[PDB]
>>> print(open('run38.cif').read())   # mmCIF, C-alpha atoms (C1' of nucleotides) and all ligand atoms
data_structure
loop_
_atom_site.group_PDB
_atom_site.id
_atom_site.type_symbol
_atom_site.label_atom_id
_atom_site.label_comp_id
_atom_site.auth_asym_id
_atom_site.auth_seq_id
_atom_site.Cartn_x
_atom_site.Cartn_y
_atom_site.Cartn_z
ATOM 1 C CA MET A 2 -35.060 -18.960 11.957
ATOM 2 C CA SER A 3 -34.107 -21.978 14.065
ATOM 3 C CA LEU A 4 -31.525 -21.604 16.810
ATOM 4 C CA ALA A 5 -29.585 -24.144 14.759
ATOM 5 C CA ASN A 6 -29.590 -22.033 11.597
ATOM 6 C CA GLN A 7 -28.661 -18.948 13.541
ATOM 7 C CA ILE A 8 -25.541 -20.550 14.989
ATOM 8 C CA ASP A 9 -24.655 -21.777 11.544
ATOM 9 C CA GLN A 10 -24.883 -18.298 9.973
ATOM 10 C CA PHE A 11 -23.180 -16.589 12.876
ATOM 11 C CA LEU A 12 -20.097 -18.794 12.411
ATOM 12 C CA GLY A 13 -19.985 -17.970 8.678
ATOM 13 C CA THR A 14 -20.468 -14.305 9.418
ATOM 14 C CA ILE A 15 -17.316 -14.099 11.527
ATOM 15 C CA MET A 16 -15.510 -16.210 8.899
ATOM 16 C CA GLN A 17 -15.944 -13.646 6.199
ATOM 17 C CA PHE A 18 -15.334 -10.876 8.708
ATOM 18 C CA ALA A 19 -11.890 -12.375 9.467
ATOM 19 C CA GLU A 20 -10.902 -12.619 5.811
ATOM 20 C CA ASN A 21 -7.278 -13.703 5.798
ATOM 21 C CA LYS A 22 -6.327 -12.579 9.305
ATOM 22 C CA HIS A 23 -5.763 -15.114 12.014
ATOM 23 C CA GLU A 24 -7.412 -13.062 14.762
ATOM 24 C CA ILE A 25 -10.617 -11.063 15.349
ATOM 25 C CA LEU A 26 -10.250 -7.342 16.047
ATOM 26 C CA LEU A 27 -12.831 -4.591 16.070
ATOM 27 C CA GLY A 28 -11.969 -1.334 14.344
ATOM 28 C CA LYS A 29 -9.030 -0.318 12.194
ATOM 29 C CA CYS A 30 -5.357 -0.740 12.931
ATOM 30 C CA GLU A 31 -4.134 2.682 13.996
ATOM 31 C CA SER A 32 -0.452 2.125 13.413
ATOM 32 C CA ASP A 33 1.339 4.163 10.768
ATOM 33 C CA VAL A 34 3.868 1.374 10.408
ATOM 34 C CA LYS A 35 1.972 -1.066 8.223
ATOM 35 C CA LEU A 36 2.146 -4.745 9.111
ATOM 36 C CA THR A 37 0.038 -7.847 9.118
ATOM 37 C CA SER A 38 -2.210 -8.421 12.116
ATOM 38 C CA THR A 39 -0.021 -11.404 12.906
ATOM 39 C CA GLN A 40 3.228 -9.417 12.753
ATOM 40 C CA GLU A 41 1.828 -6.684 15.021
ATOM 41 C CA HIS A 42 0.647 -9.355 17.408
ATOM 42 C CA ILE A 43 4.129 -10.847 17.500
ATOM 43 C CA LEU A 44 5.560 -7.477 18.443
ATOM 44 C CA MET A 45 2.958 -7.315 21.202
ATOM 45 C CA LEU A 46 4.271 -10.637 22.562
ATOM 46 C CA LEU A 47 7.963 -9.656 22.515
ATOM 47 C CA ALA A 48 7.033 -6.563 24.563
ATOM 48 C CA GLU A 49 5.916 -8.972 27.298
ATOM 49 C CA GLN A 50 8.662 -11.551 27.038
ATOM 50 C CA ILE A 51 11.805 -12.115 24.979
ATOM 51 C CA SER A 52 11.267 -15.452 23.204
ATOM 52 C CA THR A 53 12.035 -18.114 20.589
ATOM 53 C CA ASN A 54 10.469 -19.144 17.317
ATOM 54 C CA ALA A 55 8.750 -22.083 19.118
ATOM 55 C CA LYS A 56 7.325 -20.039 21.967
ATOM 56 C CA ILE A 57 5.924 -17.500 19.475
ATOM 57 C CA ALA A 58 4.469 -20.214 17.267
ATOM 58 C CA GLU A 59 2.539 -21.759 20.123
ATOM 59 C CA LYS A 60 1.026 -18.559 21.505
ATOM 60 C CA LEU A 61 -0.194 -17.827 18.000
ATOM 61 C CA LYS A 62 -1.131 -21.415 17.251
ATOM 62 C CA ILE A 63 0.561 -21.335 13.870
ATOM 63 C CA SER A 64 3.417 -23.305 12.351
ATOM 64 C CA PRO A 65 7.070 -22.642 13.244
ATOM 65 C CA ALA A 66 7.471 -22.199 9.463
ATOM 66 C CA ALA A 67 5.047 -19.278 9.365
ATOM 67 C CA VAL A 68 6.853 -17.768 12.331
ATOM 68 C CA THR A 69 10.260 -18.147 10.673
ATOM 69 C CA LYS A 70 9.056 -15.936 7.860
ATOM 70 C CA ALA A 71 7.167 -13.350 9.938
ATOM 71 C CA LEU A 72 10.196 -12.917 12.235
ATOM 72 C CA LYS A 73 12.431 -12.540 9.202
ATOM 73 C CA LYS A 74 10.304 -9.746 7.746
ATOM 74 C CA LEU A 75 10.200 -7.888 11.060
ATOM 75 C CA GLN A 76 13.966 -8.273 11.189
ATOM 76 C CA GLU A 77 14.443 -6.738 7.709
ATOM 77 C CA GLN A 78 12.403 -3.764 8.926
ATOM 78 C CA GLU A 79 14.614 -3.456 12.047
ATOM 79 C CA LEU A 80 11.578 -3.924 14.323
ATOM 80 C CA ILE A 81 13.189 -6.855 16.123
ATOM 81 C CA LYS A 82 16.679 -8.209 16.872
ATOM 82 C CA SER A 83 18.140 -11.601 17.733
ATOM 83 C CA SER A 84 20.512 -12.548 20.509
ATOM 84 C CA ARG A 85 21.448 -15.781 22.275
ATOM 85 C CA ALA A 86 20.036 -17.356 25.404
ATOM 86 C CA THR A 87 22.379 -17.139 28.375
ATOM 87 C CA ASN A 88 21.949 -20.793 29.556
ATOM 88 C CA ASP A 89 22.309 -22.318 26.055
ATOM 89 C CA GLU A 90 24.369 -20.132 23.716
ATOM 90 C CA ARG A 91 22.875 -21.829 20.654
ATOM 91 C CA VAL A 92 19.286 -20.727 21.305
ATOM 92 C CA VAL A 93 18.104 -17.760 19.197
ATOM 93 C CA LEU A 94 16.107 -15.124 21.094
ATOM 94 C CA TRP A 95 13.992 -12.297 19.679
ATOM 95 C CA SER A 96 13.239 -8.944 21.330
ATOM 96 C CA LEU A 97 12.037 -5.482 20.278
ATOM 97 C CA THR A 98 13.906 -2.536 18.885
ATOM 98 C CA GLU A 99 12.868 0.861 20.228
ATOM 99 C CA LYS A 100 11.062 1.651 16.978
ATOM 100 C CA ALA A 101 8.724 -1.307 17.556
ATOM 101 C CA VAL A 102 7.708 -0.324 21.088
ATOM 102 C CA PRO A 103 4.715 1.886 20.140
ATOM 103 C CA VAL A 104 3.555 -0.491 17.383
ATOM 104 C CA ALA A 105 3.213 -3.182 20.041
ATOM 105 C CA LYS A 106 1.585 -0.754 22.419
ATOM 106 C CA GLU A 107 -0.911 0.192 19.744
ATOM 107 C CA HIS A 108 -1.741 -3.472 19.150
ATOM 108 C CA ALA A 109 -2.257 -4.038 22.880
ATOM 109 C CA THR A 110 -4.647 -1.092 23.031
ATOM 110 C CA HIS A 111 -6.504 -2.444 20.007
ATOM 111 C CA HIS A 112 -7.130 -5.798 21.719
ATOM 112 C CA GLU A 113 -8.179 -3.864 24.796
ATOM 113 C CA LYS A 114 -10.790 -1.815 22.898
ATOM 114 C CA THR A 115 -12.200 -4.935 21.283
ATOM 115 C CA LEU A 116 -12.707 -6.372 24.745
ATOM 116 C CA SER A 117 -14.526 -3.300 25.939
ATOM 117 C CA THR A 118 -17.029 -3.599 23.150
ATOM 118 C CA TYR A 119 -17.729 -7.194 24.245
ATOM 119 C CA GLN A 120 -18.011 -6.360 27.945
ATOM 120 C CA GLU A 121 -20.595 -3.705 27.103
ATOM 121 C CA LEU A 122 -22.355 -6.145 24.818
ATOM 122 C CA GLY A 123 -22.417 -8.554 27.756
ATOM 123 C CA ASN A 124 -23.883 -5.796 29.926
ATOM 124 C CA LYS A 125 -27.191 -5.682 28.100
ATOM 125 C CA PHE A 126 -27.966 -8.897 29.984
ATOM 126 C CA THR A 127 -28.821 -9.771 33.585
ATOM 127 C CA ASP A 128 -26.210 -11.553 35.710
ATOM 128 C CA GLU A 129 -28.282 -14.665 34.952
ATOM 129 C CA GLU A 130 -28.798 -14.177 31.210
ATOM 130 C CA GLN A 131 -25.053 -13.725 31.134
ATOM 131 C CA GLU A 132 -24.695 -16.999 32.999
ATOM 132 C CA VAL A 133 -26.860 -18.744 30.383
ATOM 133 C CA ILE A 134 -24.700 -17.295 27.587
ATOM 134 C CA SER A 135 -21.510 -18.358 29.386
ATOM 135 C CA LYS A 136 -22.848 -21.925 29.479
ATOM 136 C CA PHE A 137 -23.691 -21.646 25.769
ATOM 137 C CA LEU A 138 -20.137 -20.610 24.869
ATOM 138 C CA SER A 139 -18.645 -23.453 26.873
ATOM 139 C CA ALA A 140 -21.012 -25.839 25.076
ATOM 140 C CA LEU A 141 -20.181 -24.455 21.652
ATOM 141 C CA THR A 142 -16.394 -24.256 22.089
ATOM 142 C CA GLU A 143 -16.560 -27.922 23.050
ATOM 143 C CA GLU A 144 -17.849 -28.911 19.601
ATOM 144 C CA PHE A 145 -14.623 -27.511 18.271
ATOM 145 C CA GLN A 146 -12.028 -29.951 19.628
ATOM 146 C CA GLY B 1 -13.061 -6.426 30.272
ATOM 147 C CA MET B 2 -14.507 -9.008 32.653
ATOM 148 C CA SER B 3 -15.201 -12.742 32.591
ATOM 149 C CA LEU B 4 -17.892 -12.551 29.938
ATOM 150 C CA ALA B 5 -15.938 -10.408 27.471
ATOM 151 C CA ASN B 6 -12.907 -12.666 27.874
ATOM 152 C CA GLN B 7 -14.955 -15.801 27.299
ATOM 153 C CA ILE B 8 -16.373 -14.221 24.101
ATOM 154 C CA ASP B 9 -12.953 -13.143 22.910
ATOM 155 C CA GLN B 10 -11.544 -16.619 23.576
ATOM 156 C CA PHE B 11 -14.489 -18.255 21.861
ATOM 157 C CA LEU B 12 -13.869 -16.283 18.670
ATOM 158 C CA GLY B 13 -10.266 -17.376 19.027
ATOM 159 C CA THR B 14 -11.263 -21.041 19.143
ATOM 160 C CA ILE B 15 -13.298 -20.547 15.930
ATOM 161 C CA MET B 16 -10.413 -18.997 14.033
ATOM 162 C CA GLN B 17 -8.170 -21.781 15.212
ATOM 163 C CA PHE B 18 -10.696 -24.399 14.067
ATOM 164 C CA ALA B 19 -11.246 -22.532 10.777
ATOM 165 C CA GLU B 20 -7.714 -23.031 9.447
ATOM 166 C CA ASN B 21 -7.550 -23.104 5.645
ATOM 167 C CA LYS B 22 -11.268 -23.819 5.267
ATOM 168 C CA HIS B 23 -13.634 -21.008 4.384
ATOM 169 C CA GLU B 24 -16.556 -22.899 5.850
ATOM 170 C CA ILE B 25 -17.220 -24.486 9.237
ATOM 171 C CA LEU B 26 -18.354 -28.125 9.210
ATOM 172 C CA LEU B 27 -18.295 -30.595 12.113
ATOM 173 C CA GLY B 28 -16.988 -34.154 11.891
ATOM 174 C CA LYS B 29 -14.970 -35.784 9.140
ATOM 175 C CA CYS B 30 -15.487 -35.244 5.407
ATOM 176 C CA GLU B 31 -16.641 -38.742 4.506
ATOM 177 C CA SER B 32 -16.069 -38.196 0.765
ATOM 178 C CA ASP B 33 -13.816 -40.731 -0.996
ATOM 179 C CA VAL B 34 -12.248 -37.881 -2.974
ATOM 180 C CA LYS B 35 -9.876 -35.370 -1.431
ATOM 181 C CA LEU B 36 -11.384 -31.944 -1.994
ATOM 182 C CA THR B 37 -11.438 -28.611 -0.188
ATOM 183 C CA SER B 38 -14.799 -27.725 1.335
ATOM 184 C CA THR B 39 -15.026 -24.910 -1.214
ATOM 185 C CA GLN B 40 -14.630 -27.345 -4.123
ATOM 186 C CA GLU B 41 -17.136 -29.805 -2.676
ATOM 187 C CA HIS B 42 -19.548 -26.986 -1.933
ATOM 188 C CA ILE B 43 -19.338 -26.029 -5.604
ATOM 189 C CA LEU B 44 -20.233 -29.563 -6.594
ATOM 190 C CA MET B 45 -23.151 -29.206 -4.205
ATOM 191 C CA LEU B 46 -24.434 -26.014 -5.844
ATOM 192 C CA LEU B 47 -24.038 -27.450 -9.343
ATOM 193 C CA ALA B 48 -26.268 -30.328 -8.287
ATOM 194 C CA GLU B 49 -29.091 -27.895 -7.462
ATOM 195 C CA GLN B 50 -28.562 -25.858 -10.629
ATOM 196 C CA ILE B 51 -26.231 -25.538 -13.639
ATOM 197 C CA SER B 52 -24.448 -22.176 -13.337
ATOM 198 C CA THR B 53 -21.714 -19.712 -14.150
ATOM 199 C CA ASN B 54 -18.461 -18.638 -12.587
ATOM 200 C CA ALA B 55 -20.071 -15.369 -11.463
ATOM 201 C CA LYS B 56 -23.220 -16.807 -9.819
ATOM 202 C CA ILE B 57 -21.047 -19.331 -8.009
ATOM 203 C CA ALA B 58 -18.647 -16.611 -6.898
ATOM 204 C CA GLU B 59 -21.551 -14.507 -5.666
ATOM 205 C CA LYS B 60 -22.946 -17.399 -3.627
ATOM 206 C CA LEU B 61 -19.580 -18.308 -2.072
ATOM 207 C CA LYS B 62 -18.731 -14.714 -1.262
ATOM 208 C CA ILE B 63 -15.352 -15.201 -2.988
ATOM 209 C CA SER B 64 -13.740 -13.725 -6.124
ATOM 210 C CA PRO B 65 -14.292 -14.963 -9.720
ATOM 211 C CA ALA B 66 -10.549 -15.655 -9.926
ATOM 212 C CA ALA B 67 -10.848 -17.981 -6.918
ATOM 213 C CA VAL B 68 -13.809 -19.631 -8.636
ATOM 214 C CA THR B 69 -11.748 -20.023 -11.846
ATOM 215 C CA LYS B 70 -9.000 -21.857 -10.015
ATOM 216 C CA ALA B 71 -11.398 -24.094 -8.100
ATOM 217 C CA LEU B 72 -13.454 -24.988 -11.211
ATOM 218 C CA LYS B 73 -10.143 -25.958 -12.920
ATOM 219 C CA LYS B 74 -9.180 -28.466 -10.229
ATOM 220 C CA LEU B 75 -12.679 -29.924 -10.205
ATOM 221 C CA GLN B 76 -12.356 -30.093 -13.999
ATOM 222 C CA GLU B 77 -8.911 -31.769 -14.038
ATOM 223 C CA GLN B 78 -10.407 -34.415 -11.771
ATOM 224 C CA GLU B 79 -13.252 -34.940 -14.221
ATOM 225 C CA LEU B 80 -15.867 -34.007 -11.621
ATOM 226 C CA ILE B 81 -17.423 -31.237 -13.773
ATOM 227 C CA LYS B 82 -17.594 -30.253 -17.441
ATOM 228 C CA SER B 83 -18.134 -26.990 -19.300
ATOM 229 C CA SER B 84 -20.471 -26.139 -22.144
ATOM 230 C CA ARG B 85 -17.675 -24.442 -24.084
ATOM 231 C CA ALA B 86 -16.414 -27.786 -25.368
ATOM 232 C CA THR B 87 -19.767 -28.551 -27.027
ATOM 233 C CA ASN B 88 -21.880 -25.368 -27.383
ATOM 234 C CA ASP B 89 -21.246 -21.911 -28.902
ATOM 235 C CA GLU B 90 -23.853 -20.141 -26.686
ATOM 236 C CA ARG B 91 -22.424 -17.037 -24.928
ATOM 237 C CA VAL B 92 -23.110 -18.384 -21.456
ATOM 238 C CA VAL B 93 -20.404 -20.708 -20.118
ATOM 239 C CA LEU B 94 -22.276 -23.211 -17.946
ATOM 240 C CA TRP B 95 -20.799 -25.707 -15.518
ATOM 241 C CA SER B 96 -22.365 -29.058 -14.734
ATOM 242 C CA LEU B 97 -21.598 -32.194 -12.763
ATOM 243 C CA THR B 98 -20.209 -35.432 -14.144
ATOM 244 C CA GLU B 99 -21.791 -38.637 -12.840
ATOM 245 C CA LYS B 100 -18.667 -39.233 -10.767
ATOM 246 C CA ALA B 101 -19.411 -36.119 -8.681
ATOM 247 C CA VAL B 102 -23.089 -36.807 -7.947
ATOM 248 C CA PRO B 103 -22.307 -38.779 -4.750
ATOM 249 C CA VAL B 104 -19.604 -36.352 -3.554
ATOM 250 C CA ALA B 105 -22.129 -33.574 -3.988
ATOM 251 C CA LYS B 106 -24.644 -35.583 -1.976
ATOM 252 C CA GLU B 107 -22.107 -36.301 0.792
ATOM 253 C CA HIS B 108 -21.270 -32.597 1.132
ATOM 254 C CA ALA B 109 -24.978 -31.712 1.478
ATOM 255 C CA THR B 110 -25.246 -34.396 4.142
ATOM 256 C CA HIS B 111 -22.208 -33.097 6.006
ATOM 257 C CA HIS B 112 -23.951 -29.721 6.199
ATOM 258 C CA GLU B 113 -27.136 -31.384 7.462
ATOM 259 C CA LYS B 114 -25.237 -33.222 10.180
ATOM 260 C CA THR B 115 -23.499 -30.034 11.296
ATOM 261 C CA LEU B 116 -26.887 -28.353 11.645
ATOM 262 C CA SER B 117 -28.069 -31.350 13.585
ATOM 263 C CA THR B 118 -25.163 -31.166 16.018
ATOM 264 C CA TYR B 119 -25.976 -27.495 16.596
ATOM 265 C CA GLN B 120 -29.613 -28.256 17.277
ATOM 266 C CA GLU B 121 -28.754 -30.949 19.796
ATOM 267 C CA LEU B 122 -26.519 -28.401 21.563
ATOM 268 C CA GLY B 123 -29.356 -25.874 21.764
ATOM 269 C CA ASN B 124 -31.864 -28.542 22.797
ATOM 270 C CA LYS B 125 -29.996 -28.592 26.126
ATOM 271 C CA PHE B 126 -31.746 -25.258 26.803
ATOM 272 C CA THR B 127 -35.310 -24.233 27.618
ATOM 273 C CA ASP B 128 -37.170 -22.168 25.027
ATOM 274 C CA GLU B 129 -36.580 -19.154 27.244
ATOM 275 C CA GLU B 130 -32.896 -19.912 27.474
ATOM 276 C CA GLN B 131 -32.803 -20.232 23.680
ATOM 277 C CA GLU B 132 -34.259 -16.733 23.360
ATOM 278 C CA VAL B 133 -31.538 -15.255 25.526
ATOM 279 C CA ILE B 134 -28.963 -17.101 23.424
ATOM 280 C CA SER B 135 -30.608 -15.937 20.248
ATOM 281 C CA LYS B 136 -30.414 -12.322 21.370
ATOM 282 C CA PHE B 137 -26.773 -12.684 22.287
ATOM 283 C CA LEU B 138 -26.054 -14.080 18.802
ATOM 284 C CA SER B 139 -27.922 -11.242 17.109
ATOM 285 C CA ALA B 140 -26.120 -8.686 19.269
ATOM 286 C CA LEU B 141 -22.715 -10.134 18.406
ATOM 287 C CA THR B 142 -23.567 -10.322 14.678
ATOM 288 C CA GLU B 143 -24.100 -6.572 14.906
ATOM 289 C CA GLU B 144 -20.433 -5.891 15.755
ATOM 290 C CA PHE B 145 -19.282 -7.476 12.506
ATOM 291 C CA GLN B 146 -21.394 -5.279 10.182
ATOM 292 C "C1'" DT C 1 14.133 -26.805 17.115
ATOM 293 C "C1'" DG C 2 14.028 -24.342 12.969
ATOM 294 C "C1'" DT C 3 14.155 -23.543 7.794
ATOM 295 C "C1'" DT C 4 13.503 -24.016 3.059
ATOM 296 C "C1'" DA C 5 10.647 -26.538 -1.116
ATOM 297 C "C1'" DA C 6 6.605 -26.930 -2.876
ATOM 298 C "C1'" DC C 7 2.392 -26.126 -2.341
ATOM 299 C "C1'" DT C 8 -2.358 -23.708 -1.163
ATOM 300 C "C1'" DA C 9 -6.441 -21.182 -1.474
ATOM 301 C "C1'" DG C 10 -7.346 -17.070 -1.322
ATOM 302 C "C1'" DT C 11 -6.577 -11.566 -2.863
ATOM 303 C "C1'" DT C 12 -6.407 -7.327 -6.603
ATOM 304 C "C1'" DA C 13 -6.356 -5.385 -11.117
ATOM 305 C "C1'" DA C 14 -5.524 -5.261 -16.306
ATOM 306 C "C1'" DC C 15 -7.879 -6.824 -20.191
ATOM 307 C "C1'" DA C 16 -9.565 -9.985 -24.221
ATOM 308 C "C1'" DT D 1 -17.760 -11.972 -17.560
ATOM 309 C "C1'" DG D 2 -13.853 -14.944 -16.874
ATOM 310 C "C1'" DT D 3 -8.667 -15.484 -17.409
ATOM 311 C "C1'" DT D 4 -4.317 -14.519 -16.084
ATOM 312 C "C1'" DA D 5 -0.252 -12.561 -13.771
ATOM 313 C "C1'" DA D 6 1.504 -10.866 -9.647
ATOM 314 C "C1'" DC D 7 1.010 -11.246 -4.940
ATOM 315 C "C1'" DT D 8 0.026 -13.073 0.065
ATOM 316 C "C1'" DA D 9 0.378 -15.378 4.266
ATOM 317 C "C1'" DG D 10 -0.640 -19.701 5.601
ATOM 318 C "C1'" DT D 11 0.402 -25.211 5.454
ATOM 319 C "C1'" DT D 12 3.296 -30.043 5.890
ATOM 320 C "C1'" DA D 13 7.529 -32.754 4.785
ATOM 321 C "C1'" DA D 14 11.726 -33.669 5.594
ATOM 322 C "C1'" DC D 15 16.102 -32.764 6.952
ATOM 323 C "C1'" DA D 16 19.448 -29.012 8.238
HETATM 324 ZN ZN ZN A 201 -2.485 -2.246 14.872
HETATM 325 ZN ZN ZN A 202 -3.384 -9.395 18.132
HETATM 326 ZN ZN ZN A 203 -17.417 -33.841 2.170
HETATM 327 ZN ZN ZN A 204 -20.227 -26.497 2.171
#
>>> encode(input="run38.cif", output="structure tokens")
Amino acid sequence: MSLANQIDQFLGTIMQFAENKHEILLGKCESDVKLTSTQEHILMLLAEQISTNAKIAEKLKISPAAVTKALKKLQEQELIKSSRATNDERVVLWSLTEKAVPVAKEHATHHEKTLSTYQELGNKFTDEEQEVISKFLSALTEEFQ
Amino acid sequence: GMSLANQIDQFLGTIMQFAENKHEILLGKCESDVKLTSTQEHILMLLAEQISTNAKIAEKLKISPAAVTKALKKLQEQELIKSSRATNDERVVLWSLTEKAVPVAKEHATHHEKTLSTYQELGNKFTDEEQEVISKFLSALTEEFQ
DNA sequence: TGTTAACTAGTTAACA
DNA sequence: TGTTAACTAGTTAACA
């Protein structure tokens, strides 16, 4: 198989692996509270910094419309709460309820375990082989802008 | 978690972000005069190789027969394909292209060829050794998604 | 900025 | 096998 066909099939492999999620994780979500990957990710963000619809939408690279509806569902489930920015009283801020704290922490640990799998995948290669690969990734990502 | 893992993780991110609504990854613009999803065009492409059924098409696309039903219907309401059930009482329900779709089908096949070509050019920037290291990295990654 | 209308392109499962 | 009905989690347009 050509290097060209391999890249082709690899891309399609991760496509079906992702299904209808918007991010790649390895292993199963170990949170009893059941939420979309996107929702859990949002909770992860609010653990770091209180924020707005816009700020959330950009980190996730999805539409403010999609955020409006994810935030709303988390708000029905009392996982988040709104308040107003101090500088501009009209600005709507979102932050976590206590109940959401572990859900976010579980999502953070999930990302962290996905990264460990990669690091150890990267460790089957010499500092140089790794360098080659790093170049490859920079080359490939570039095609995608 | 070090530089390499993070670069990998981010790269997968860039793919998902490029993926969007499409269930396929193709580079460049879809130069087809008709506005169709890549899934719908890819169907047209398959039908050009071989008359077939909802199931065989669903198998090949790795999507559900219900998804196939809905896609076939849009293709059909745009008079790009036709079904045997309007003219034949055979048990098999076969889908075929209308002459209007022949070129669209051809364009989609070409789009795929060009995308392969772009990939090859990218890899051509590497020695045959360097392509073997890359090829082992790709195989190793593919493993994690089994 | 942020939210609904209308849509989208997929999913599962019950059933001629 | 292929259709449908119910659902799902995105999208853009336009204007609230
Ligand atoms: Zn989780
Ligand atoms: Zn996440
Ligand atoms: Zn096309
Ligand atoms: Zn295609």
>>> resolve_selection(input="run38.cif", expression="the PyMOL selection byres ((chain B) within 9 of (chain A and not hetatm))", output="MDAnalysis selection string")
chainID B and resid 1:9 11:20 23:25 27 62 115:123 126 130:135 137:142 144:146
>>> write_last_selection(input="run38.cif", atoms="C-alpha atoms", output="compact mmCIF listing (two decimals), keeping the file's coordinate frame")
# COMPACT_ATOMS: atom_id res chain seq x y z
CA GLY B 1 -13.06 -6.43 30.27
CA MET B 2 -14.51 -9.01 32.65
CA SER B 3 -15.20 -12.74 32.59
CA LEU B 4 -17.89 -12.55 29.94
CA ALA B 5 -15.94 -10.41 27.47
CA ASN B 6 -12.91 -12.67 27.87
CA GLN B 7 -14.96 -15.80 27.30
CA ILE B 8 -16.37 -14.22 24.10
CA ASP B 9 -12.95 -13.14 22.91
CA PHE B 11 -14.49 -18.26 21.86
CA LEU B 12 -13.87 -16.28 18.67
CA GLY B 13 -10.27 -17.38 19.03
CA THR B 14 -11.26 -21.04 19.14
CA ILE B 15 -13.30 -20.55 15.93
CA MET B 16 -10.41 -19.00 14.03
CA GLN B 17 -8.17 -21.78 15.21
CA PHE B 18 -10.70 -24.40 14.07
CA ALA B 19 -11.25 -22.53 10.78
CA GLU B 20 -7.71 -23.03 9.45
CA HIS B 23 -13.63 -21.01 4.38
CA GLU B 24 -16.56 -22.90 5.85
CA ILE B 25 -17.22 -24.49 9.24
CA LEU B 27 -18.30 -30.60 12.11
CA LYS B 62 -18.73 -14.71 -1.26
CA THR B 115 -23.50 -30.03 11.30
CA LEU B 116 -26.89 -28.35 11.64
CA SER B 117 -28.07 -31.35 13.58
CA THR B 118 -25.16 -31.17 16.02
CA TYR B 119 -25.98 -27.50 16.60
CA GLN B 120 -29.61 -28.26 17.28
CA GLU B 121 -28.75 -30.95 19.80
CA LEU B 122 -26.52 -28.40 21.56
CA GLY B 123 -29.36 -25.87 21.76
CA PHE B 126 -31.75 -25.26 26.80
CA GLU B 130 -32.90 -19.91 27.47
CA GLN B 131 -32.80 -20.23 23.68
CA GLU B 132 -34.26 -16.73 23.36
CA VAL B 133 -31.54 -15.26 25.53
CA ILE B 134 -28.96 -17.10 23.42
CA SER B 135 -30.61 -15.94 20.25
CA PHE B 137 -26.77 -12.68 22.29
CA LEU B 138 -26.05 -14.08 18.80
CA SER B 139 -27.92 -11.24 17.11
CA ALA B 140 -26.12 -8.69 19.27
CA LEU B 141 -22.72 -10.13 18.41
CA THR B 142 -23.57 -10.32 14.68
CA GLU B 144 -20.43 -5.89 15.76
CA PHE B 145 -19.28 -7.48 12.51
CA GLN B 146 -21.39 -5.28 10.18
>>> atom_distance(input="run38.cif", atom1="CA of residue 95 (chain B)", atom2="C1' of residue 8 (chain D)")
28.9 Å
>>> resolve_selection(input="run38.cif", expression="the PyMOL selection byres (((chain A and resi 74-90) around 12) and not hetatm)", output="number ranges by chain")
A: 34-37, 39-48, 51-54, 67-73, 91-105; D: 9
>>> residues_around(input="run38.cif", residues="residue 3 (chain D)", least_positions_apart="2", cutoff="12 Å", atoms="all atoms listed in the file", output="list in words")
residues 54, 65, 66, 67, 68, 69, 70 and 73 of chain B; 14, 15 and 16 of chain C; 1 and 5 of chain D
>>> closest_residue(input="run38.cif", among="B:60, B:29, B:74, B:112", to="chain C", atoms="all atoms listed in the file")
B:74
>>> residues_around(input="run38.cif", residues="residue 41 (chain B)", least_positions_apart="4", cutoff="8 Å", atoms="all atoms listed in the file", output="PyMOL selection string")
chain B and resi 36-37+45+104-105+108
>>> residues_near_ligand(input="run38.cif", ligand="ligand ZN 203 (chain A)", cutoff="6 Å", atoms="only C-alpha atoms (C1' of nucleotides) and all ligand atoms", output="ChimeraX atom specification")
/B:30-32,107-108
>>> resolve_selection(input="run38.cif", expression="the PyMOL selection byres (((chain B and resi 98) around 9) and not hetatm)", output="ChimeraX atom specification")
/B:79-82,96-97,99-102
>>> residues_near_ligand(input="run38.cif", ligand="ligand ZN 201 (chain A)", cutoff="7 Å", atoms="only C-alpha atoms (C1' of nucleotides) and all ligand atoms", output="list in words")
residues 30, 31, 32, 38, 41, 104, 107, 108 and 111 of chain A
>>> atom_distance(input="run38.cif", atom1="CA of residue 110 (chain A)", atom2="CA of residue 21 (chain B)")
28.2 Å
>>> residues_around(input="run38.cif", residues="residue 6 (chain D)", least_positions_apart="2", cutoff="10 Å", atoms="all atoms listed in the file", output="list in words")
residues 12 and 13 of chain C; 4 of chain D
>>> axis_aligned_box(input="run38.cif", around="region 19-29 of chain B", padding_each_side="5 Å", output="lines of an AutoDock Vina configuration file")
center_x = -13.0
center_y = -28.4
center_z = 8.2
size_x = 20.8
size_y = 24.8
size_z = 17.7
>>> closest_residue(input="run38.cif", among="B:84, B:50, B:42, B:89", to="residue 71 (chain B)", atoms="all atoms listed in the file")
B:42
